[PDB]
file target10.txt (compact mmCIF, N, CA and C atoms)
# COMPACT_ATOMS: atom_id res chain seq x y z
N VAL C 30 70.22 -67.23 -70.11
CA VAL C 30 70.77 -66.44 -68.97
C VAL C 30 69.86 -65.20 -68.70
N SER C 31 69.44 -64.49 -69.76
CA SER C 31 68.78 -63.17 -69.61
C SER C 31 67.25 -63.13 -69.29
N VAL C 32 66.88 -62.34 -68.29
CA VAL C 32 65.51 -62.25 -67.89
C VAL C 32 64.93 -60.90 -68.23
N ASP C 33 65.62 -60.12 -69.05
CA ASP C 33 65.17 -58.76 -69.40
C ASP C 33 63.84 -58.76 -70.13
N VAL C 34 63.65 -59.73 -71.05
CA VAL C 34 62.40 -59.86 -71.77
C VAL C 34 61.22 -60.10 -70.78
N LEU C 35 61.44 -60.93 -69.79
CA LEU C 35 60.41 -61.19 -68.82
C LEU C 35 60.16 -59.99 -67.88
N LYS C 36 61.22 -59.27 -67.52
CA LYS C 36 61.07 -58.10 -66.70
C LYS C 36 60.20 -57.07 -67.43
N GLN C 37 60.45 -56.92 -68.71
CA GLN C 37 59.69 -55.96 -69.50
C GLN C 37 58.23 -56.37 -69.64
N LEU C 38 57.99 -57.67 -69.80
CA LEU C 38 56.64 -58.19 -69.79
C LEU C 38 55.90 -57.88 -68.52
N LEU C 39 56.54 -58.09 -67.40
CA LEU C 39 55.92 -57.78 -66.10
C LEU C 39 55.58 -56.31 -66.04
N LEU C 40 56.53 -55.47 -66.49
CA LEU C 40 56.26 -54.06 -66.52
C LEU C 40 55.05 -53.78 -67.43
N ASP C 41 55.00 -54.45 -68.56
CA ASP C 41 53.94 -54.28 -69.53
C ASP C 41 52.54 -54.61 -68.97
N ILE C 42 52.43 -55.62 -68.14
CA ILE C 42 51.15 -55.97 -67.57
C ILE C 42 50.82 -55.18 -66.31
N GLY C 43 51.65 -54.24 -65.89
CA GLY C 43 51.27 -53.39 -64.77
C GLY C 43 51.94 -53.71 -63.49
N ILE C 44 53.01 -54.47 -63.47
CA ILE C 44 53.72 -54.70 -62.22
C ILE C 44 54.63 -53.46 -61.95
N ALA C 45 54.62 -52.94 -60.72
CA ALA C 45 55.39 -51.74 -60.39
C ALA C 45 56.89 -52.02 -60.48
N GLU C 46 57.57 -51.09 -61.09
CA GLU C 46 59.01 -51.22 -61.33
C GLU C 46 59.84 -51.39 -60.05
N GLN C 47 59.38 -50.79 -58.94
CA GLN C 47 60.07 -50.94 -57.65
C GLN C 47 60.06 -52.35 -57.08
N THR C 48 59.05 -53.12 -57.42
CA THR C 48 58.97 -54.57 -57.17
C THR C 48 60.04 -55.37 -57.95
N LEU C 49 60.62 -54.81 -59.00
CA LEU C 49 61.38 -55.60 -59.98
C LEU C 49 62.84 -55.27 -59.91
N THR C 50 63.24 -54.38 -59.01
CA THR C 50 64.60 -53.85 -59.06
C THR C 50 65.67 -54.89 -58.80
N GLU C 51 65.34 -55.95 -58.06
CA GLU C 51 66.30 -57.00 -57.75
C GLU C 51 66.02 -58.35 -58.43
N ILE C 52 65.32 -58.33 -59.55
CA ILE C 52 65.01 -59.55 -60.28
C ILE C 52 66.27 -60.34 -60.73
N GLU C 53 66.31 -61.63 -60.45
CA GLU C 53 67.39 -62.55 -60.82
C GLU C 53 66.83 -63.77 -61.52
N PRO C 54 67.69 -64.62 -62.16
CA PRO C 54 67.17 -65.84 -62.75
C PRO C 54 66.34 -66.72 -61.80
N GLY C 55 66.71 -66.77 -60.55
CA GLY C 55 65.99 -67.58 -59.58
C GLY C 55 64.84 -66.94 -58.85
N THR C 56 64.56 -65.69 -59.17
CA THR C 56 63.45 -64.99 -58.60
C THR C 56 62.18 -65.73 -58.96
N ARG C 57 61.38 -66.02 -57.95
CA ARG C 57 60.12 -66.72 -58.10
C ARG C 57 58.92 -65.78 -58.15
N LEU C 58 58.00 -66.04 -59.06
CA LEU C 58 56.82 -65.16 -59.22
C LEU C 58 55.96 -64.89 -57.97
N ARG C 59 55.67 -65.95 -57.22
CA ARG C 59 54.87 -65.81 -55.99
C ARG C 59 55.71 -65.60 -54.75
N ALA C 60 56.65 -66.50 -54.51
CA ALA C 60 57.38 -66.50 -53.25
C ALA C 60 58.28 -65.30 -53.14
N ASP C 61 58.82 -64.77 -54.26
CA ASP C 61 59.70 -63.61 -54.19
C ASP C 61 58.99 -62.30 -54.65
N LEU C 62 58.38 -62.29 -55.85
CA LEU C 62 57.73 -61.06 -56.35
C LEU C 62 56.39 -60.77 -55.70
N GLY C 63 55.76 -61.76 -55.12
CA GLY C 63 54.50 -61.59 -54.48
C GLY C 63 53.38 -61.22 -55.42
N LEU C 64 53.41 -61.75 -56.63
CA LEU C 64 52.39 -61.46 -57.63
C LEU C 64 50.98 -61.90 -57.23
N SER C 65 50.03 -60.98 -57.35
CA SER C 65 48.66 -61.23 -57.05
C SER C 65 47.99 -62.22 -58.03
N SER C 66 46.83 -62.69 -57.66
CA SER C 66 46.08 -63.61 -58.45
C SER C 66 45.71 -63.02 -59.83
N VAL C 67 45.29 -61.78 -59.85
CA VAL C 67 44.96 -61.06 -61.06
C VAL C 67 46.21 -60.83 -61.92
N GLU C 68 47.30 -60.43 -61.29
CA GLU C 68 48.57 -60.31 -62.00
C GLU C 68 49.04 -61.64 -62.58
N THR C 69 48.97 -62.73 -61.83
CA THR C 69 49.40 -64.01 -62.40
C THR C 69 48.51 -64.42 -63.55
N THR C 70 47.19 -64.22 -63.43
CA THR C 70 46.29 -64.49 -64.52
C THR C 70 46.60 -63.65 -65.79
N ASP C 71 46.86 -62.36 -65.61
CA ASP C 71 47.30 -61.50 -66.69
C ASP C 71 48.63 -61.96 -67.34
N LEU C 72 49.55 -62.48 -66.53
CA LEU C 72 50.78 -62.99 -67.02
C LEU C 72 50.55 -64.23 -67.86
N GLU C 73 49.68 -65.13 -67.40
CA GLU C 73 49.43 -66.37 -68.15
C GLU C 73 48.81 -66.00 -69.51
N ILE C 74 47.90 -65.03 -69.53
CA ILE C 74 47.24 -64.61 -70.77
C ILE C 74 48.29 -64.04 -71.76
N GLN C 75 49.07 -63.06 -71.32
CA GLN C 75 50.05 -62.45 -72.19
C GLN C 75 51.20 -63.39 -72.63
N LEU C 76 51.64 -64.29 -71.77
CA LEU C 76 52.59 -65.31 -72.16
C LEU C 76 52.08 -66.16 -73.30
N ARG C 77 50.83 -66.60 -73.16
CA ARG C 77 50.18 -67.33 -74.22
C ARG C 77 50.00 -66.51 -75.49
N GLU C 78 49.37 -65.37 -75.38
CA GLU C 78 48.97 -64.63 -76.59
C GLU C 78 50.17 -63.92 -77.26
N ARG C 79 51.12 -63.36 -76.49
CA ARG C 79 52.28 -62.72 -77.11
C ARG C 79 53.40 -63.68 -77.47
N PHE C 80 53.65 -64.68 -76.64
CA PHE C 80 54.81 -65.50 -76.81
C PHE C 80 54.59 -66.95 -77.12
N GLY C 81 53.34 -67.41 -77.09
CA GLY C 81 53.08 -68.83 -77.37
C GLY C 81 53.46 -69.73 -76.21
N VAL C 82 53.59 -69.17 -75.00
CA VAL C 82 54.05 -69.86 -73.83
C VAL C 82 52.81 -70.14 -72.94
N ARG C 83 52.59 -71.41 -72.60
CA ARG C 83 51.42 -71.85 -71.89
C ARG C 83 51.85 -72.36 -70.54
N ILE C 84 51.46 -71.67 -69.51
CA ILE C 84 51.77 -72.03 -68.13
C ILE C 84 50.45 -72.01 -67.36
N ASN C 85 50.44 -72.66 -66.20
CA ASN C 85 49.23 -72.77 -65.39
C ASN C 85 49.63 -72.56 -63.93
N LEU C 86 49.45 -71.34 -63.42
CA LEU C 86 49.74 -71.06 -62.02
C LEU C 86 48.61 -71.44 -61.06
N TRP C 87 47.46 -71.87 -61.58
CA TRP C 87 46.51 -72.53 -60.70
C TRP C 87 47.09 -73.92 -60.32
N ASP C 88 47.50 -74.69 -61.33
CA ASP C 88 48.07 -76.03 -61.22
C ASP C 88 49.47 -76.03 -60.52
N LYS C 89 50.40 -75.18 -60.98
CA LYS C 89 51.78 -75.15 -60.46
C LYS C 89 51.90 -74.05 -59.43
N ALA C 90 52.66 -74.33 -58.38
CA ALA C 90 52.74 -73.38 -57.30
C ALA C 90 53.54 -72.14 -57.68
N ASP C 91 54.62 -72.32 -58.43
CA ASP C 91 55.44 -71.19 -58.84
C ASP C 91 56.40 -71.50 -59.98
N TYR C 92 57.02 -70.44 -60.51
CA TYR C 92 57.95 -70.52 -61.58
C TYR C 92 59.00 -69.47 -61.33
N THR C 93 60.21 -69.76 -61.71
CA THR C 93 61.26 -68.76 -61.71
C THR C 93 61.26 -67.95 -63.01
N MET C 94 61.87 -66.78 -62.92
CA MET C 94 62.14 -65.93 -64.06
C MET C 94 62.90 -66.70 -65.16
N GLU C 95 63.89 -67.47 -64.75
CA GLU C 95 64.64 -68.29 -65.71
C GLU C 95 63.82 -69.29 -66.52
N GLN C 96 63.01 -70.10 -65.86
CA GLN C 96 62.11 -71.05 -66.55
C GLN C 96 61.18 -70.38 -67.57
N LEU C 97 60.70 -69.19 -67.23
CA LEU C 97 59.84 -68.45 -68.13
C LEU C 97 60.60 -67.83 -69.28
N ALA C 98 61.77 -67.26 -69.01
CA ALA C 98 62.67 -66.77 -70.05
C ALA C 98 63.02 -67.82 -71.05
N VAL C 99 63.33 -69.02 -70.55
CA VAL C 99 63.68 -70.14 -71.40
C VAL C 99 62.50 -70.61 -72.25
N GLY C 100 61.32 -70.67 -71.64
CA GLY C 100 60.10 -70.96 -72.36
C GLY C 100 59.95 -69.98 -73.50
N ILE C 101 60.13 -68.70 -73.22
CA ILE C 101 59.94 -67.72 -74.26
C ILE C 101 60.93 -68.00 -75.44
N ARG C 102 62.21 -68.21 -75.14
CA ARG C 102 63.21 -68.49 -76.18
C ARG C 102 62.87 -69.75 -76.99
N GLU C 103 62.36 -70.78 -76.33
CA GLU C 103 62.12 -72.09 -76.95
C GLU C 103 60.82 -72.24 -77.78
N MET C 104 59.74 -71.54 -77.43
CA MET C 104 58.44 -71.78 -78.00
C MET C 104 58.38 -71.36 -79.45
N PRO C 105 57.75 -72.18 -80.31
CA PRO C 105 57.64 -71.85 -81.71
C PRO C 105 56.61 -70.76 -81.91
N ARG C 106 56.91 -69.95 -82.88
CA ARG C 106 56.10 -68.84 -83.20
C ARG C 106 56.08 -68.65 -84.70
N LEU C 107 55.11 -67.92 -85.17
CA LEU C 107 55.02 -67.62 -86.54
C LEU C 107 55.45 -66.18 -86.73
N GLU C 108 56.73 -65.94 -86.64
CA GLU C 108 57.27 -64.62 -86.76
C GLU C 108 58.65 -64.87 -86.28
N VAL Z 30 35.26 -58.73 -65.22
CA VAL Z 30 36.36 -59.46 -65.92
C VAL Z 30 36.00 -59.66 -67.38
N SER Z 31 37.03 -59.77 -68.20
CA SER Z 31 36.86 -59.89 -69.61
C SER Z 31 36.61 -61.36 -69.99
N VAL Z 32 36.19 -61.57 -71.23
CA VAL Z 32 36.10 -62.89 -71.78
C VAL Z 32 37.51 -63.58 -71.76
N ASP Z 33 38.56 -62.84 -72.05
CA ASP Z 33 39.94 -63.33 -71.96
C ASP Z 33 40.31 -63.94 -70.61
N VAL Z 34 39.92 -63.27 -69.54
CA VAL Z 34 40.16 -63.75 -68.21
C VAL Z 34 39.40 -65.05 -67.96
N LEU Z 35 38.16 -65.14 -68.45
CA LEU Z 35 37.33 -66.34 -68.23
C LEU Z 35 37.94 -67.47 -68.99
N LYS Z 36 38.44 -67.18 -70.18
CA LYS Z 36 39.06 -68.21 -71.01
C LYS Z 36 40.30 -68.81 -70.29
N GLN Z 37 41.10 -67.97 -69.64
CA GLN Z 37 42.24 -68.44 -68.87
C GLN Z 37 41.88 -69.27 -67.65
N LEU Z 38 40.80 -68.88 -66.95
CA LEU Z 38 40.38 -69.64 -65.84
C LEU Z 38 39.92 -71.01 -66.28
N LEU Z 39 39.21 -71.05 -67.39
CA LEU Z 39 38.82 -72.32 -67.97
C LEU Z 39 40.02 -73.20 -68.43
N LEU Z 40 41.00 -72.59 -69.10
CA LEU Z 40 42.23 -73.30 -69.41
C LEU Z 40 42.87 -73.87 -68.16
N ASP Z 41 42.86 -73.10 -67.10
CA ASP Z 41 43.55 -73.50 -65.89
C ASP Z 41 42.84 -74.64 -65.15
N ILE Z 42 41.56 -74.89 -65.42
CA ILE Z 42 40.92 -76.10 -64.87
C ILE Z 42 40.90 -77.24 -65.85
N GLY Z 43 41.56 -77.07 -67.01
CA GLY Z 43 41.78 -78.16 -67.94
C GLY Z 43 40.79 -78.26 -69.04
N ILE Z 44 40.07 -77.21 -69.35
CA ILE Z 44 39.18 -77.19 -70.52
C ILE Z 44 40.17 -77.03 -71.68
N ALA Z 45 39.91 -77.75 -72.76
CA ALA Z 45 40.83 -77.71 -73.91
C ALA Z 45 40.76 -76.36 -74.63
N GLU Z 46 41.91 -75.87 -75.05
CA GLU Z 46 42.00 -74.65 -75.81
C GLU Z 46 41.16 -74.69 -77.06
N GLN Z 47 41.21 -75.81 -77.76
CA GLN Z 47 40.38 -75.96 -78.95
C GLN Z 47 38.89 -75.68 -78.68
N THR Z 48 38.39 -76.20 -77.57
CA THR Z 48 37.01 -75.97 -77.19
C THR Z 48 36.72 -74.50 -76.93
N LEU Z 49 37.77 -73.70 -76.64
CA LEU Z 49 37.60 -72.28 -76.29
C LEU Z 49 37.86 -71.29 -77.43
N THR Z 50 38.21 -71.76 -78.61
CA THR Z 50 38.42 -70.84 -79.72
C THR Z 50 37.03 -70.26 -80.08
N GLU Z 51 36.95 -69.04 -80.50
CA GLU Z 51 35.61 -68.49 -80.77
C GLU Z 51 34.72 -68.30 -79.52
N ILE Z 52 35.31 -68.21 -78.35
CA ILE Z 52 34.55 -67.94 -77.16
C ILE Z 52 34.14 -66.45 -77.22
N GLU Z 53 32.96 -66.13 -76.74
CA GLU Z 53 32.44 -64.78 -76.76
C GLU Z 53 31.39 -64.55 -75.63
N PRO Z 54 30.87 -63.29 -75.47
CA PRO Z 54 29.88 -63.00 -74.40
C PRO Z 54 28.70 -63.97 -74.24
N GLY Z 55 28.22 -64.48 -75.36
CA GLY Z 55 27.08 -65.34 -75.42
C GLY Z 55 27.43 -66.82 -75.20
N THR Z 56 28.71 -67.20 -75.17
CA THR Z 56 29.05 -68.62 -75.07
C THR Z 56 28.55 -69.16 -73.71
N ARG Z 57 27.91 -70.30 -73.76
CA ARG Z 57 27.38 -70.95 -72.58
C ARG Z 57 28.24 -72.05 -71.97
N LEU Z 58 28.35 -71.97 -70.68
CA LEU Z 58 29.11 -72.89 -69.89
C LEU Z 58 28.78 -74.36 -70.10
N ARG Z 59 27.52 -74.68 -70.06
CA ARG Z 59 27.09 -76.03 -70.22
C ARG Z 59 26.64 -76.39 -71.62
N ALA Z 60 25.74 -75.63 -72.21
CA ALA Z 60 25.21 -75.96 -73.54
C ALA Z 60 26.28 -75.82 -74.70
N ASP Z 61 27.29 -74.93 -74.60
CA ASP Z 61 28.29 -74.75 -75.68
C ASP Z 61 29.67 -75.36 -75.30
N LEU Z 62 30.20 -75.01 -74.14
CA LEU Z 62 31.50 -75.56 -73.71
C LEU Z 62 31.45 -76.97 -73.13
N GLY Z 63 30.28 -77.41 -72.75
CA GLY Z 63 30.07 -78.70 -72.18
C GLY Z 63 30.75 -79.05 -70.87
N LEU Z 64 30.84 -78.09 -69.97
CA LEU Z 64 31.45 -78.32 -68.68
C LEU Z 64 30.77 -79.42 -67.86
N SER Z 65 31.57 -80.35 -67.41
CA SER Z 65 31.11 -81.44 -66.58
C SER Z 65 30.79 -80.96 -65.14
N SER Z 66 30.15 -81.80 -64.36
CA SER Z 66 29.88 -81.41 -62.99
C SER Z 66 31.16 -81.21 -62.19
N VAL Z 67 32.14 -82.05 -62.45
CA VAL Z 67 33.45 -81.92 -61.81
C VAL Z 67 34.19 -80.63 -62.27
N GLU Z 68 34.14 -80.32 -63.57
CA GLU Z 68 34.75 -79.12 -64.06
C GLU Z 68 34.06 -77.84 -63.48
N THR Z 69 32.73 -77.84 -63.42
CA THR Z 69 31.99 -76.78 -62.82
C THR Z 69 32.41 -76.53 -61.39
N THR Z 70 32.58 -77.61 -60.64
CA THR Z 70 32.94 -77.57 -59.26
C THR Z 70 34.39 -77.04 -59.13
N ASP Z 71 35.25 -77.51 -60.01
CA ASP Z 71 36.61 -77.00 -60.16
C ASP Z 71 36.69 -75.51 -60.42
N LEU Z 72 35.80 -75.03 -61.27
CA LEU Z 72 35.67 -73.58 -61.49
C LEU Z 72 35.23 -72.81 -60.25
N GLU Z 73 34.27 -73.36 -59.52
CA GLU Z 73 33.91 -72.78 -58.26
C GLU Z 73 35.08 -72.72 -57.26
N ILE Z 74 35.77 -73.82 -57.14
CA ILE Z 74 36.94 -73.93 -56.22
C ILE Z 74 38.01 -72.86 -56.60
N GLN Z 75 38.32 -72.78 -57.88
CA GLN Z 75 39.33 -71.84 -58.36
C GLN Z 75 38.90 -70.41 -58.09
N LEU Z 76 37.65 -70.06 -58.39
CA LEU Z 76 37.16 -68.73 -58.07
C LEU Z 76 37.25 -68.36 -56.57
N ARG Z 77 36.89 -69.30 -55.72
CA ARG Z 77 36.96 -69.12 -54.27
C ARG Z 77 38.42 -69.05 -53.72
N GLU Z 78 39.25 -70.01 -54.11
CA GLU Z 78 40.59 -70.15 -53.57
C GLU Z 78 41.63 -69.23 -54.20
N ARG Z 79 41.43 -68.91 -55.47
CA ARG Z 79 42.34 -68.02 -56.09
C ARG Z 79 41.93 -66.55 -56.02
N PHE Z 80 40.63 -66.24 -56.12
CA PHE Z 80 40.13 -64.90 -56.17
C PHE Z 80 39.26 -64.44 -54.99
N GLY Z 81 38.95 -65.31 -54.06
CA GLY Z 81 38.04 -64.94 -52.94
C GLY Z 81 36.57 -64.81 -53.37
N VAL Z 82 36.20 -65.31 -54.56
CA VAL Z 82 34.86 -65.16 -55.16
C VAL Z 82 34.04 -66.43 -54.89
N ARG Z 83 32.93 -66.25 -54.18
CA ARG Z 83 32.01 -67.35 -53.87
C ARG Z 83 30.86 -67.25 -54.82
N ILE Z 84 30.69 -68.24 -55.69
CA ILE Z 84 29.56 -68.25 -56.58
C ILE Z 84 29.04 -69.68 -56.65
N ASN Z 85 27.71 -69.82 -56.74
CA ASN Z 85 27.04 -71.10 -56.87
C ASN Z 85 26.56 -71.28 -58.30
N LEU Z 86 27.29 -72.13 -59.03
CA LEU Z 86 27.00 -72.32 -60.43
C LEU Z 86 25.93 -73.37 -60.69
N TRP Z 87 25.24 -73.77 -59.64
CA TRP Z 87 23.98 -74.51 -59.79
C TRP Z 87 22.79 -73.66 -59.45
N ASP Z 88 22.98 -72.39 -59.14
CA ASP Z 88 21.84 -71.50 -58.97
C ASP Z 88 21.07 -71.27 -60.27
N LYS Z 89 21.73 -71.36 -61.42
CA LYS Z 89 21.04 -71.27 -62.73
C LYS Z 89 21.30 -72.50 -63.51
N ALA Z 90 20.44 -72.73 -64.48
CA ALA Z 90 20.62 -73.90 -65.38
C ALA Z 90 21.88 -73.74 -66.21
N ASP Z 91 22.22 -72.52 -66.55
CA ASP Z 91 23.39 -72.32 -67.42
C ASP Z 91 23.78 -70.88 -67.24
N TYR Z 92 24.94 -70.52 -67.76
CA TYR Z 92 25.56 -69.22 -67.65
C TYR Z 92 26.28 -68.92 -68.93
N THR Z 93 26.00 -67.77 -69.51
CA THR Z 93 26.80 -67.28 -70.59
C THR Z 93 28.03 -66.70 -69.96
N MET Z 94 29.04 -66.42 -70.78
CA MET Z 94 30.31 -65.87 -70.24
C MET Z 94 30.06 -64.46 -69.62
N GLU Z 95 29.12 -63.74 -70.22
CA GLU Z 95 28.71 -62.43 -69.71
C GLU Z 95 28.04 -62.53 -68.32
N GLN Z 96 27.10 -63.45 -68.15
CA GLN Z 96 26.49 -63.67 -66.83
C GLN Z 96 27.52 -64.10 -65.82
N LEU Z 97 28.44 -64.94 -66.23
CA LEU Z 97 29.50 -65.37 -65.34
C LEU Z 97 30.35 -64.15 -64.92
N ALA Z 98 30.72 -63.28 -65.84
CA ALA Z 98 31.50 -62.09 -65.46
C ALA Z 98 30.75 -61.18 -64.47
N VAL Z 99 29.48 -60.96 -64.75
CA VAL Z 99 28.65 -60.14 -63.88
C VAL Z 99 28.49 -60.78 -62.49
N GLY Z 100 28.20 -62.08 -62.48
CA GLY Z 100 28.15 -62.84 -61.21
C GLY Z 100 29.45 -62.76 -60.40
N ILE Z 101 30.58 -62.70 -61.09
CA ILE Z 101 31.90 -62.49 -60.45
C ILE Z 101 32.15 -61.01 -60.13
call {"tool": "encode", "arguments": {"input": "target10.txt", "output": "structure tokens"}}
result
Amino acid sequence: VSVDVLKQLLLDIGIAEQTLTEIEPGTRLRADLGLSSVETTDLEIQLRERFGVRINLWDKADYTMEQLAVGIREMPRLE
Amino acid sequence: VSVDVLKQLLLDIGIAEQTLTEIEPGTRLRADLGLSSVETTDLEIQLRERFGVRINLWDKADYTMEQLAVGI
């Protein structure tokens, strides 16, 4: 249900907090947040390196906050 | 751009993560990573369509990750 972890990640990579005030489970990275190419690339890097989550926004057109939150909860980690 | 960014762009065109472990400034596109002609072309397309960056990766015989960053 919760997207707080992902909201904080976005904040962590430099997304402005005013862009994030209405974030919901169905909020989409491109179509709703309007994330830039550099921002999406930074997100893919940090998802992989911090959370073990591997996504490809070159290949896939978009992802919701929910799908990414769930990925984070599900992915195996050594910690 | 950093080596990290280049590594992600390469992942995103389907270069295997295993092939990218130990990637660094000196790593070469063709002689070390073994990029195919189709993969090279895919990298060009991604740079142009995702970032607005036009680069011709047949202008040189090969590119280290550092030359690629500078060229970008």
call {"tool": "interface_residues", "arguments": {"input": "target10.txt", "of": "chain C", "to": "chain Z", "cutoff": "8 Å", "atoms": "all atoms listed in the file", "output": "count of residues only"}}
result
12
call {"tool": "select_by_dssp", "arguments": {"input": "target10.txt", "residues": "chain C", "states": "helix (DSSP H, G or I)", "output": "ChimeraX atom specification"}}
result
/C:33-41,46-49,66-80,94-103
call {"tool": "atom_distance", "arguments": {"input": "target10.txt", "atom1": "atom C of residue 53 in chain Z", "atom2": "atom N of residue 84 in chain Z"}}
result
20.3 Å
call {"tool": "residues_around", "arguments": {"input": "target10.txt", "residues": "residue 59 in chain Z", "least_positions_apart": "6", "cutoff": "7 Å", "atoms": "only N, CA and C atoms", "output": "list in words"}}
result
residues 65, 90, 91 and 92 of chain Z
call {"tool": "write_last_selection", "arguments": {"input": "target10.txt", "atoms": "N, CA and C atoms", "output": "mmCIF file, in the frame of the given file"}}
result
data_model
loop_
_atom_site.group_PDB
_atom_site.id
_atom_site.type_symbol
_atom_site.label_atom_id
_atom_site.label_comp_id
_atom_site.auth_asym_id
_atom_site.auth_seq_id
_atom_site.Cartn_x
_atom_site.Cartn_y
_atom_site.Cartn_z
ATOM 1 N N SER Z 65 31.570 -80.350 -67.410
ATOM 2 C CA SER Z 65 31.110 -81.440 -66.580
ATOM 3 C C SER Z 65 30.790 -80.960 -65.140
ATOM 4 N N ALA Z 90 20.440 -72.730 -64.480
ATOM 5 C CA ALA Z 90 20.620 -73.900 -65.380
ATOM 6 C C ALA Z 90 21.880 -73.740 -66.210
ATOM 7 N N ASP Z 91 22.220 -72.520 -66.550
ATOM 8 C CA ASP Z 91 23.390 -72.320 -67.420
ATOM 9 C C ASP Z 91 23.780 -70.880 -67.240
ATOM 10 N N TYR Z 92 24.940 -70.520 -67.760
ATOM 11 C CA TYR Z 92 25.560 -69.220 -67.650
ATOM 12 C C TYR Z 92 26.280 -68.920 -68.930
#
call {"tool": "closest_residue", "arguments": {"input": "target10.txt", "among": "C:52, C:72, C:43, C:89", "to": "residue 31 in chain C", "atoms": "only C-alpha atoms"}}
result
C:52
call {"tool": "closest_residue", "arguments": {"input": "target10.txt", "among": "Z:96, Z:85, Z:48, Z:31", "to": "residue 61 in chain Z", "atoms": "only N, CA and C atoms"}}
result
Z:48
call {"tool": "atom_distance", "arguments": {"input": "target10.txt", "atom1": "CA of residue 79 in chain C", "atom2": "CA of residue 51 in chain C"}}
result
24.6 Å
call {"tool": "atom_distance", "arguments": {"input": "target10.txt", "atom1": "CA of residue 57 in chain C", "atom2": "CA of residue 83 in chain Z"}}
result
28.4 Å
call {"tool": "residues_around", "arguments": {"input": "target10.txt", "residues": "range 93-99 of chain C", "least_positions_apart": "6", "cutoff": "6.5 Å", "atoms": "all atoms listed in the file", "output": "list in words"}}
result
residues 31, 32, 35, 53, 54, 55, 56, 57 and 58 of chain C
call {"tool": "closest_residue", "arguments": {"input": "target10.txt", "among": "Z:39, Z:49, Z:86, Z:94", "to": "residue 70 in chain Z", "atoms": "all atoms listed in the file"}}
result
Z:86
